Amino acid sequence: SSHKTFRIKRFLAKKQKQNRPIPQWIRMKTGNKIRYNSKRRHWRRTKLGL
Amino acid sequence: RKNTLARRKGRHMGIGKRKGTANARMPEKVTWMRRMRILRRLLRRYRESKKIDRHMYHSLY
Amino acid sequence: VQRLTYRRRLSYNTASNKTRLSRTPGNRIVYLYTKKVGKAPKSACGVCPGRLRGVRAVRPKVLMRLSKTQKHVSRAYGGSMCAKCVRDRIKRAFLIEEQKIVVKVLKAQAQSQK
Amino acid sequence: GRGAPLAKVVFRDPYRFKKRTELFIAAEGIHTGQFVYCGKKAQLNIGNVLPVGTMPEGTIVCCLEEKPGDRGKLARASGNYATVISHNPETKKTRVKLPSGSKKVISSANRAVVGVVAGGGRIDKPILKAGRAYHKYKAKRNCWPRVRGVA
Amino acid sequence: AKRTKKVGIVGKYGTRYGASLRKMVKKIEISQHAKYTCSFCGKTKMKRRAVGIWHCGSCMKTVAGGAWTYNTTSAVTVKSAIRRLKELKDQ
Amino acid sequence: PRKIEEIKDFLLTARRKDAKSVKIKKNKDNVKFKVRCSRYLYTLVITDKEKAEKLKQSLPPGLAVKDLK
RNA sequence: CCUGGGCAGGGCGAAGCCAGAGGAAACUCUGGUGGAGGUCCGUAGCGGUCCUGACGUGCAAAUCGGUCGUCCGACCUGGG
RNA sequence: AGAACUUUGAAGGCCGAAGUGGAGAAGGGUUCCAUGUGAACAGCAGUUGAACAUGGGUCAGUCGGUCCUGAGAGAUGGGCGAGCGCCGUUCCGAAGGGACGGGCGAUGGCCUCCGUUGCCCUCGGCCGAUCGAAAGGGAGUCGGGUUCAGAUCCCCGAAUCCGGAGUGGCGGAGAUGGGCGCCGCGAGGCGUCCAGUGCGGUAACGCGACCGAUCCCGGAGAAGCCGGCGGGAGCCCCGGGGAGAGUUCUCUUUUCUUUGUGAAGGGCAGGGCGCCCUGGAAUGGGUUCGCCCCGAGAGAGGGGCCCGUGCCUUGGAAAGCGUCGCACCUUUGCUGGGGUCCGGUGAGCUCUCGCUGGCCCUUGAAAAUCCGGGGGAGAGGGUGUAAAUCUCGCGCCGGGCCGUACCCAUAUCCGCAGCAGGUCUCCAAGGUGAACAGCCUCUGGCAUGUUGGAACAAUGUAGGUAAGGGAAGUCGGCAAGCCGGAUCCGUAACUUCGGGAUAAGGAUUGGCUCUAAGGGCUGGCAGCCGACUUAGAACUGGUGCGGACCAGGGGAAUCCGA
Ligand SMILES: [Mg+2]
Ligand SMILES: [Mg+2]
Ligand SMILES: [Mg+2]
Ligand SMILES: [Mg+2]
Ligand SMILES: [Mg+2]
Ligand SMILES: [Mg+2]
Ligand SMILES: [Mg+2]
Ligand SMILES: [Mg+2]
Ligand SMILES: [Mg+2]
Ligand SMILES: [Mg+2]
Ligand SMILES: [Mg+2]
Ligand SMILES: [Mg+2]
Ligand SMILES: [Mg+2]
Ligand SMILES: [Mg+2]
Ligand SMILES: [Mg+2]
Ligand SMILES: [Mg+2]
Ligand SMILES: [Mg+2]
Ligand SMILES: [Mg+2]
Ligand SMILES: [Mg+2]
Ligand SMILES: [Mg+2]
Ligand SMILES: [Mg+2]
Ligand SMILES: [Mg+2]
Ligand SMILES: [Mg+2]
Ligand SMILES: [Mg+2]
Ligand SMILES: [Mg+2]
Ligand SMILES: [Mg+2]
Ligand SMILES: [Mg+2]
Ligand SMILES: [Mg+2]
Ligand SMILES: [Mg+2]
Ligand SMILES: [Mg+2]
Ligand SMILES: [Mg+2]
Ligand SMILES: [Mg+2]
Ligand SMILES: [Mg+2]
Ligand SMILES: [Mg+2]
Ligand SMILES: [Mg+2]
Ligand SMILES: [Mg+2]
Ligand SMILES: [Mg+2]
Ligand SMILES: [Mg+2]
Ligand SMILES: [Mg+2]
Ligand SMILES: [Mg+2]
Ligand SMILES: [Mg+2]
Ligand SMILES: [Mg+2]
Ligand SMILES: [Mg+2]
Ligand SMILES: [Mg+2]
Ligand SMILES: [Mg+2]
Ligand SMILES: [Mg+2]
Ligand SMILES: [Mg+2]
Ligand SMILES: [Mg+2]
Ligand SMILES: [Mg+2]
Ligand SMILES: [Mg+2]
Ligand SMILES: [Mg+2]
Ligand SMILES: [Mg+2]
Ligand SMILES: [Mg+2]
Ligand SMILES: [Zn+2]
């Protein structure tokens with residue numbers, strides 16, 4: 001919506017923060033087995049549901 | 001503008017270029033309104049100009 | 001020939017938004033929202049269809065800005081009643097009090113004999 | 001949702017300095033400005049309310065009470081009235097004939113406005129179509145469609 | 001300019017709703033819309049506002065009367081009997 | 001704004017406390033002395049240049065008069 | 001139920017009103033005005049008769065093109 | 001590096017104002033912008049993208065929420081229930097914690113005077129807490145400019161609303177007069193007393209303000225739908241002038257774009273009045289398109305009130321916009337001219353305002369805030385000195401919190417997706433035409449809808465014709481086909497008398513010259529100004545004329561359902 005409330009905007013803020021790629025400085029960490037982020041949500045494919 | 005001048009002169013206004021009713025092209029109500037207003041203000045002017053008294057003005061109205 | 005848009009978030013032609021289009025000094029047309037017209041007050045028990053004269057006809061919350069001289073009439077029942085009903089009530093009151101005096105003196109003249 | 005008109009009557013409070021507004025059933029034959037008298041020793045006229053124990057027999061009244069203090073429950077529809085037919089000084093009772101033809105005995109202390117309810121003959125007009133019946137019942141309640149049981 | 005033979009105000013309905021129903025509703029369609037003489041002012045301005053409500057256009061003295069007429073033949077005799085009972089034996 | 005027509009009140013308004021700004025606008029047969037205040041903007045227009053050339057010097061000094069154009 | 005929004009244009013011509021003519025009278029007739037209808041053609045909207053048309057692993061887990069019924073209302077619709 | 005899909009220019013086209021345009025509400029939540037790569041995503045490709053990576057982007061007293069109740073949901077009192085709890089919302093409740101004033105007592109500020117605290121007296125129906133609308137009610141911001149992304153928010157300029165003033169900010173009202181005597185030529189001055197909570201018009205009512213406590217009364221908020229009519233504005237149209245642009249083989253003073261005044265305050269046109277005074281009519285009157293109104297006061301004359309969204313003025317020409325230029329190509333500002341030029345018409349479209357009428361077994365919402373009036377509990381200096389109060393003109397201070405980008409869609413929503421599906425609103429031009437029908441263009445968008453090249457076999461999907469017959473095919477006139485608009489005549493059986501009915505059946509329809517009729521304004525019957533409607537006739541085209549589009553086959557009967 002064009003106008004929303006503070007709670008919904010704060011909830012969307014964390015999704016915006018989380019929708020970020022994997023940093024390239026942890027790939028060389030000892031014991032690291034993460035190759036790519038499996039929680040990347042697309043605005044068109046997967047709807048977060050309010 | 002040339003076609004409008006032709007319409008004003010009377011061209012392209014025959015029966016073959018009419019697609020609406022007569023009451024749709026010129027409303028009988030507004031024709032009656034004009035014909036009534038003209039005669040009514042003419043009668044007002046004639047009564048004011050002392051040409052006709054009120055007893056004749058009412059019977060003419 | 002130039003189609004303009006609304007200026008607020010309201011998108012429905014409701015009663016809250018009545019737009020009239022005006023021309024700016026910048027040579028362009030734009031809507032302006034108009035406040036709903038205020039109706040002049042009507043008298044109490046007086047003439048029904050006739051509103052009160054001399055009283056400013058504007059919205060209720062605007063009456064805080066208006067002066068008392070522009071919200072009432074100098075006579076009694078100025079901004080509350082019309083002119084006809086004021087003198088009507090005056091005559092009615094005077095006449096019914098005179099009738100009370102008449103019935104009192106009638107009771108007295110009947111008591112003086114009976 | 002009602003055929004009988006509602007007359008607003010303003011009385012003067014006998015204990016406080018204030019005007020009391022009441023909504024009575026406008027009996028047929030009253031106009032705005034007519035003084036209406038409410039009490040025991042009120043004059044017998046159209047519109048005035050007064051206990052049934054004081055009115056004579058054969059008085060055509062309406063908007064009466066079953067019990068003293070019931071505040072106008074019987075004979076409230078448009079064009080209906082109740083007929084006082086008997087009186088009893090001792091063991092105060094009063095026989096009245098209601099619009100249904102039933103003769104009921106009631107107390108002699110409850111009141112009744114004199115006159116027939118305005119809006120009589122309201123049923124003489126045919127609805128003449130379903131639209132008017134729909135517009136009539138939309139103000140009353142959702143009970144009009146009335147589908148038959150055998151269907 | 002006689003435009004209709006027998007049907008009057010109920011000519012707006014047309015061919016529907018039957019014949020006897022229109023004939024019966026016409027009698028009161030004549031009355032409920034005709035202006036009456038005000039018993040207080042004296043002018044023929046007594047257009048009905050709602051069911052049983054009749055207000056004048058001059059003094060606006062509204063009166064409660066019949067649903068389709070200014071007064072009903074039943075209320076007339078009711079008022080007559082009320083007056084008679086009031087005058088008999090001092091109310 | 002407020003238009004001033006008399007000769008006695010515009011100077012009284014210009015000698016007030018909130019008369020920080022006074023501007024002069026020259027037009028075709030028109031001279032406007034606009035004095036800006038806290039709430040309004042008083043404007044006095046005159047069509048005579050002789051009544052303006054002798055009045056411009058009558059303004060109180062130190063009010064930062066700005067001649068437009 | 002509450003609160004808001006919307007329905008181009010034409011046809012038929014109800015009550016009421018004015019004028020003229022005929023008649024001994026009752027009254028009748030004629031030309032206008034008037035603009036009613038759960039009225040008619042028809043758009044937007046609302047539904048979906050027929051072609052049993054196309055698709056029928058489709059655009060679509062019910063759609064599309066003509067042809068349709070109603071369009072001042074027992075009307076259509078948003079939010080609560 | 002790579003081009004048909006990207007970009008620029010040109011040409012040819014579509015959407016054509018009920019759009020393939022410009023904005024919104026729900027919903028999406030970063031999709032908006034800039035830069036960069038091109039393995040994945042885009043149904044082919046891609047230098048492109050709503051994909052990827054990085055970095056930015058949403059600024060409010062006057063936009064909305066926040067306030068108010070509507071249908072409705074809901075706790076306590078109380079009741080029920082083994083029980084989480086439920087019914088119930090004014091019912092079976094000691095359900096007002098606040099104030100006007102007076103008195104006693106204490107405290108603080110310059111203890112002169114006031115502000116508070118504790119107690120006593122008097123007064124005071126809640127229509128019962130509370131929630132419930134980003135379309136209902138609800139005070140108050142408009143013009144110009146600014147960015148790669150923001151606009152009533154940012155800057156400039158011009159206003160306005162609501163709160164505060166205790167040692168009360170300055171002005172103006174209330175505030176200033178009359179009588180007696182004396183002095184002075186006079187103007188004036190002095191001593192005593194008294195008045196003074198504003199004025200004017202006969203009125204409808206007016207002004208720069210106009211003492212007011214409990215209480216009471218009333219209004220506004222606060223009203224249905226649909227016909228008509230009139231006023232105002234915008235858009236459309238014509239004629240003249242100026243700037244710029246297009247054609248000029250020939251003609252055309254021709255054709256195209258533009259030619260301004262916002263909120264606020266004052267004045268004046270205009271509209272409305274069921275508002276007042278003189279006087280009272282019938283031989284009835286003046287009036288509307290229609291009605292309506294008059295002895296309960298018509299016509300006429302003179303006044304008053306409300307809206308004044310229109311005109312001029314402050315704002316207001318210094319900004320804004322087309323034009324020809326001087327510096328300048330990361331310093332780009334500034335020149336002067338013309339724009340606020342003269343008008344007109346209109347059953348023209350849209351919005352608004354006002355009058356009136358019609359429709360009914362339909363009467364078309366409440367609440368919060370605010371105002372006016374009646375009452376007269378009280379307060380005020382008491383007089384050539386000045387107070388109680390001011391809804392008057394100014395001046396000072398503040399206005400907290402929340403959202404503000406973008407899509408709003410045959411590609412940013414839902415339908416498993418860039419899905420002929422679905423989804424609530426505003427603006428809406430020119431020509432033909434009765435018209436927002438259909439068709440063609442302008443402002444504004446677009447690449448033909450998830451690809452192109454070559455050919456035109458059968459079959460298929462849409463579209464149109466066919467000699468003679470005209471339903472002989474088929475269960476069936478299924479489909480297809482005929483008429484289709486307008487003007488003028490003529491319209492049957494039946495009937496509930498309203499209809500049938502555009503019954504049926506006939507004639508005309510083009511183009512260019514004409515004729516006649518249908519109006520307004522100025523003066524004591526004449527002179528000018530502009531709209532398109534009708535009727536008739538002449539001439540003429542290879543009987544073609546609704547020349548495209550638009551668009552009722554009809555009749556006779558049965559059965560059923562008004
Ligand atoms: Mg290892
Ligand atoms: Mg989920
Ligand atoms: Mg007609
Ligand atoms: Mg609102
Ligand atoms: Mg049934
Ligand atoms: Mg069944
Ligand atoms: Mg219909
Ligand atoms: Mg038919
Ligand atoms: Mg249709
Ligand atoms: Mg279908
Ligand atoms: Mg369907
Ligand atoms: Mg079927
Ligand atoms: Mg099929
Ligand atoms: Mg197939
Ligand atoms: Mg159809
Ligand atoms: Mg049909
Ligand atoms: Mg129809
Ligand atoms: Mg290109
Ligand atoms: Mg083209
Ligand atoms: Mg539209
Ligand atoms: Mg659109
Ligand atoms: Mg790239
Ligand atoms: Mg691909
Ligand atoms: Mg983007
Ligand atoms: Mg991304
Ligand atoms: Mg600001
Ligand atoms: Mg607000
Ligand atoms: Mg409960
Ligand atoms: Mg309990
Ligand atoms: Mg609330
Ligand atoms: Mg701006
Ligand atoms: Mg933007
Ligand atoms: Mg203030
Ligand atoms: Mg209009
Ligand atoms: Mg103005
Ligand atoms: Mg106009
Ligand atoms: Mg936005
Ligand atoms: Mg789609
Ligand atoms: Mg679609
Ligand atoms: Mg057009
Ligand atoms: Mg035309
Ligand atoms: Mg292509
Ligand atoms: Mg697509
Ligand atoms: Mg053939
Ligand atoms: Mg043939
Ligand atoms: Mg044949
Ligand atoms: Mg045959
Ligand atoms: Mg057969
Ligand atoms: Mg067929
Ligand atoms: Mg036959
Ligand atoms: Mg037939
Ligand atoms: Mg001529
Ligand atoms: Mg049927
Ligand atoms: Zn009356």
# chains A, B, ... in the order shown; residues from 1 in each chain; ligands from 1

$ residues_near_ligand --ligand "ligand 35" --cutoff "12 Å" --atoms "only C-alpha atoms (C1' of nucleotides) and all ligand atoms" --output "JSON, numbers by chain"
{"C": [22], "F": [1], "H": [261, 262, 263, 264, 265, 266, 267, 308, 309, 310, 311, 312, 313, 314, 315]}

$ write_last_selection --atoms "C-alpha atoms (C1' of nucleotides)" --output "PDB file, in the first residue's frame"
ATOM      1  CA  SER C  22      -8.701  27.470 -11.508  1.00  0.00           C
TER       2      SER C  22
ATOM      3  CA  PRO F   1      -1.682  41.943   1.905  1.00  0.00           C
TER       4      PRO F   1
ATOM      5  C1'   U H 261      -3.394  36.110 -12.426  1.00  0.00           C
ATOM      6  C1'   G H 262      -3.430  31.475  -6.624  1.00  0.00           C
ATOM      7  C1'   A H 263      -5.015  31.411  -1.213  1.00  0.00           C
ATOM      8  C1'   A H 264      -6.151  35.561   1.528  1.00  0.00           C
ATOM      9  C1'   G H 265      -8.618  41.130   2.363  1.00  0.00           C
ATOM     10  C1'   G H 266     -11.716  45.524  -0.070  1.00  0.00           C
ATOM     11  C1'   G H 267     -14.990  47.456  -3.705  1.00  0.00           C
ATOM     12  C1'   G H 308     -20.648  36.739  -4.705  1.00  0.00           C
ATOM     13  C1'   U H 309     -16.058  30.380  -7.185  1.00  0.00           C
ATOM     14  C1'   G H 310     -17.253  36.677 -11.891  1.00  0.00           C
ATOM     15  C1'   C H 311     -14.583  41.727 -12.728  1.00  0.00           C
ATOM     16  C1'   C H 312     -10.506  45.645 -10.722  1.00  0.00           C
ATOM     17  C1'   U H 313      -7.143  46.531  -7.053  1.00  0.00           C
ATOM     18  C1'   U H 314      -2.547  44.666  -2.562  1.00  0.00           C
ATOM     19  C1'   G H 315      -0.341  40.169  -3.482  1.00  0.00           C
TER      20        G H 315
END

$ residues_around --residues "residue 69 of chain C" --least-positions-apart "5" --cutoff "10 Å" --atoms "only C-alpha atoms (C1' of nucleotides)" --output "VMD selection string"
(chain C and resid 54 to 56 74) or (chain H and resid 206 to 207 209 to 210 391)

$ closest_atom_pairs --of "chain E" --to "chain G" --cutoff "8 Å" --atoms "only C-alpha atoms (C1' of nucleotides)" --output "tab-separated table"
residue	atom	partner	partner_atom	distance
E:1	CA	G:30	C1'	6.8
E:8	CA	G:15	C1'	7.0
E:9	CA	G:15	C1'	4.9
E:10	CA	G:14	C1'	6.8
E:11	CA	G:14	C1'	4.8
E:12	CA	G:14	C1'	4.3
E:13	CA	G:37	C1'	6.0
E:14	CA	G:37	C1'	7.8

$ write_last_selection --atoms "N, CA, C and O atoms" --output "PDB file, in the first residue's frame"
ATOM      1  N   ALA E   1     -58.572  18.911 -25.087  1.00  0.00           N
ATOM      2  CA  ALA E   1     -57.899  17.828 -25.795  1.00  0.00           C
ATOM      3  C   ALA E   1     -58.017  16.520 -25.023  1.00  0.00           C
ATOM      4  O   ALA E   1     -57.120  16.155 -24.265  1.00  0.00           O
ATOM      5  N   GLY E   8     -57.741   7.393 -16.300  1.00  0.00           N
ATOM      6  CA  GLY E   8     -57.299   8.722 -15.923  1.00  0.00           C
ATOM      7  C   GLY E   8     -55.863   8.787 -15.448  1.00  0.00           C
ATOM      8  O   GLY E   8     -54.930   8.638 -16.243  1.00  0.00           O
ATOM      9  N   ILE E   9     -55.674   9.016 -14.146  1.00  0.00           N
ATOM     10  CA  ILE E   9     -54.328   9.120 -13.591  1.00  0.00           C
ATOM     11  C   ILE E   9     -53.606   7.782 -13.666  1.00  0.00           C
ATOM     12  O   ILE E   9     -52.373   7.737 -13.760  1.00  0.00           O
ATOM     13  N   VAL E  10     -54.348   6.677 -13.659  1.00  0.00           N
ATOM     14  CA  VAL E  10     -53.746   5.349 -13.640  1.00  0.00           C
ATOM     15  C   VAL E  10     -53.349   4.935 -15.050  1.00  0.00           C
ATOM     16  O   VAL E  10     -52.963   3.784 -15.285  1.00  0.00           O
ATOM     17  N   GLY E  11     -53.444   5.865 -15.999  1.00  0.00           N
ATOM     18  CA  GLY E  11     -52.920   5.619 -17.331  1.00  0.00           C
ATOM     19  C   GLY E  11     -51.415   5.490 -17.392  1.00  0.00           C
ATOM     20  O   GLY E  11     -50.891   5.029 -18.412  1.00  0.00           O
ATOM     21  N   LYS E  12     -50.712   5.885 -16.329  1.00  0.00           N
ATOM     22  CA  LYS E  12     -49.262   5.733 -16.299  1.00  0.00           C
ATOM     23  C   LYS E  12     -48.853   4.273 -16.168  1.00  0.00           C
ATOM     24  O   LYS E  12     -47.760   3.896 -16.604  1.00  0.00           O
ATOM     25  N   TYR E  13     -49.710   3.440 -15.574  1.00  0.00           N
ATOM     26  CA  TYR E  13     -49.376   2.029 -15.415  1.00  0.00           C
ATOM     27  C   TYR E  13     -49.349   1.314 -16.759  1.00  0.00           C
ATOM     28  O   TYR E  13     -48.494   0.452 -16.993  1.00  0.00           O
ATOM     29  N   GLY E  14     -50.267   1.654 -17.650  1.00  0.00           N
ATOM     30  CA  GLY E  14     -50.291   1.077 -18.983  1.00  0.00           C
ATOM     31  C   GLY E  14     -51.261  -0.094 -19.067  1.00  0.00           C
ATOM     32  O   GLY E  14     -52.384  -0.015 -18.573  1.00  0.00           O
TER      33      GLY E  14
END

$ residues_near_ligand --ligand "ligand 39" --cutoff "8 Å" --atoms "only C-alpha atoms (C1' of nucleotides) and all ligand atoms" --output "PyMOL selection string"
chain H and resi 410+420-422

$ residues_around --residues "residue 62 of chain E" --least-positions-apart "2" --cutoff "8 Å" --atoms "only C-alpha atoms (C1' of nucleotides)" --output "compact mmCIF listing (two decimals) with N, CA and C atoms, in the first residue's frame"
# COMPACT_ATOMS: atom_id res chain seq x y z
N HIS D 31 -53.80 18.95 14.90
CA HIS D 31 -52.93 19.78 14.08
C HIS D 31 -51.84 20.40 14.95
N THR D 32 -50.79 20.87 14.29
CA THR D 32 -49.68 21.49 15.00
C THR D 32 -50.13 22.77 15.67
N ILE E 53 -50.21 12.42 6.85
CA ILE E 53 -49.66 13.72 7.23
C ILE E 53 -50.01 14.71 6.13
N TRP E 54 -50.73 15.78 6.49
CA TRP E 54 -51.15 16.78 5.51
C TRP E 54 -50.72 18.15 6.01
N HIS E 55 -49.80 18.79 5.29
CA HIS E 55 -49.29 20.10 5.67
C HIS E 55 -49.66 21.12 4.61
N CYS E 56 -49.94 22.34 5.06
CA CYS E 56 -50.30 23.43 4.17
C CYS E 56 -49.06 24.17 3.70
N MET E 60 -48.20 26.27 7.03
CA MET E 60 -47.50 25.04 7.39
C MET E 60 -48.06 24.43 8.67
N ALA E 64 -52.83 15.58 11.19
CA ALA E 64 -52.87 14.14 11.01
C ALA E 64 -54.28 13.72 10.61

$ residues_near_ligand --ligand "ligand 26" --cutoff "10 Å" --atoms "only C-alpha atoms (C1' of nucleotides) and all ligand atoms" --output "PyMOL selection string"
chain H and resi 60-62+141+152-154

$ select_by_dssp --residues "chain E" --states "strand (DSSP E or B)" --output "count of residues only"
7

$ select_by_dssp --residues "chain D" --states "helix (DSSP H, G or I)" --output "MDAnalysis selection string"
chainID D and resid 122:124 130:140

$ residues_near_ligand --ligand "ligand 16" --cutoff "9 Å" --atoms "only C-alpha atoms (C1' of nucleotides) and all ligand atoms" --output "list in words"
residues 41 and 69 of chain G; 552 of chain H

$ write_last_selection --atoms "N, CA and C atoms (P, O5', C5', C4', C3', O3' and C1' of nucleotides)" --output "PDB file, in the first residue's frame"
ATOM      1  P     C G  41     -36.919  -2.935 -26.080  1.00  0.00           P
ATOM      2  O5'   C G  41     -36.280  -1.935 -27.142  1.00  0.00           O
ATOM      3  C5'   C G  41     -36.471  -2.128 -28.537  1.00  0.00           C
ATOM      4  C4'   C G  41     -35.563  -1.240 -29.351  1.00  0.00           C
ATOM      5  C3'   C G  41     -34.083  -1.296 -28.997  1.00  0.00           C
ATOM      6  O3'   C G  41     -33.411  -2.393 -29.589  1.00  0.00           O
ATOM      7  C1'   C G  41     -34.764   0.957 -29.151  1.00  0.00           C
ATOM      8  P     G G  69     -32.185  -9.576 -27.565  1.00  0.00           P
ATOM      9  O5'   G G  69     -32.559  -9.486 -26.021  1.00  0.00           O
ATOM     10  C5'   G G  69     -33.435 -10.434 -25.428  1.00  0.00           C
ATOM     11  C4'   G G  69     -33.392 -10.352 -23.925  1.00  0.00           C
ATOM     12  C3'   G G  69     -33.447  -8.950 -23.338  1.00  0.00           C
ATOM     13  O3'   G G  69     -34.769  -8.451 -23.250  1.00  0.00           O
ATOM     14  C1'   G G  69     -31.712 -10.177 -22.302  1.00  0.00           C
TER      15        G G  69
ATOM     16  P     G H 552     -32.287  -1.218 -35.185  1.00  0.00           P
ATOM     17  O5'   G H 552     -32.197  -2.805 -35.082  1.00  0.00           O
ATOM     18  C5'   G H 552     -32.742  -3.639 -36.094  1.00  0.00           C
ATOM     19  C4'   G H 552     -34.016  -4.302 -35.634  1.00  0.00           C
ATOM     20  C3'   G H 552     -34.506  -5.468 -36.478  1.00  0.00           C
ATOM     21  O3'   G H 552     -33.846  -6.684 -36.171  1.00  0.00           O
ATOM     22  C1'   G H 552     -36.306  -4.002 -36.042  1.00  0.00           C
TER      23        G H 552
END

$ residues_near_ligand --ligand "ligand 48" --cutoff "12 Å" --atoms "only C-alpha atoms (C1' of nucleotides) and all ligand atoms" --output "list in words"
residues 474, 475 and 476 of chain H

$ atom_distance --atom1 "atom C1' of residue 532 of chain H" --atom2 "atom 1 (Mg, counted along the ligand's line) of ligand 41"
9.9 Å

$ residues_near_ligand --ligand "ligand 42" --cutoff "12 Å" --atoms "only C-alpha atoms (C1' of nucleotides) and all ligand atoms" --output "ChimeraX atom specification"
/H:4-5,44,447-452

$ write_last_selection --atoms "C-alpha atoms (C1' of nucleotides)" --output "PDB file, in the first residue's frame"
ATOM      1  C1'   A H   4      16.222  -7.459 -36.436  1.00  0.00           C
ATOM      2  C1'   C H   5      14.758  -7.026 -31.336  1.00  0.00           C
ATOM      3  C1'   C H  44      14.882 -17.120 -29.930  1.00  0.00           C
ATOM      4  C1'   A H 447       5.983  -1.870 -31.256  1.00  0.00           C
ATOM      5  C1'   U H 448       1.380  -5.710 -33.115  1.00  0.00           C
ATOM      6  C1'   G H 449       1.568  -8.499 -27.392  1.00  0.00           C
ATOM      7  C1'   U H 450       6.966 -15.168 -25.012  1.00  0.00           C
ATOM      8  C1'   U H 451      10.534 -15.235 -32.126  1.00  0.00           C
ATOM      9  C1'   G H 452      11.931 -14.243 -37.726  1.00  0.00           C
TER      10        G H 452
END

$ interface_residues --of "chain D" --to "chain H" --cutoff "7 Å" --atoms "only C-alpha atoms (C1' of nucleotides)" --output "MDAnalysis selection string"
chainID D and resid 18 122 135:136

$ write_last_selection --atoms "N, CA and C atoms" --output "CSV table (one decimal), in the first residue's frame"
chain,number,residue,atom,x,y,z
D,18,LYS,N,-37.6,22.5,32.9
D,18,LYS,CA,-37.2,21.8,31.7
D,18,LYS,C,-38.4,21.4,30.9
D,122,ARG,N,-55.6,2.5,5.2
D,122,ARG,CA,-54.3,2.3,4.7
D,122,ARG,C,-54.3,1.1,3.8
D,135,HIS,N,-40.2,-2.2,-1.2
D,135,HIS,CA,-39.9,-1.0,-0.5
D,135,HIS,C,-40.6,-0.9,0.8
D,136,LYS,N,-41.8,-1.5,1.0
D,136,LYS,CA,-42.5,-1.5,2.2
D,136,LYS,C,-41.8,-2.3,3.3

$ closest_atom_pairs --of "chain G" --to "ligand 49" --cutoff "9 Å" --atoms "only C-alpha atoms (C1' of nucleotides) and all ligand atoms" --output "JSON lines"
{"residue": "G:50", "atom": "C1'", "partner": "ligand 49", "partner_atom_place_in_ligand_line": "1 (Mg)", "distance": 6.8}
{"residue": "G:51", "atom": "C1'", "partner": "ligand 49", "partner_atom_place_in_ligand_line": "1 (Mg)", "distance": 7.2}
{"residue": "G:67", "atom": "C1'", "partner": "ligand 49", "partner_atom_place_in_ligand_line": "1 (Mg)", "distance": 7.5}

$ residues_near_ligand --ligand "ligand 12" --cutoff "10 Å" --atoms "only C-alpha atoms (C1' of nucleotides) and all ligand atoms" --output "PyMOL selection string"
chain G and resi 48-50+52
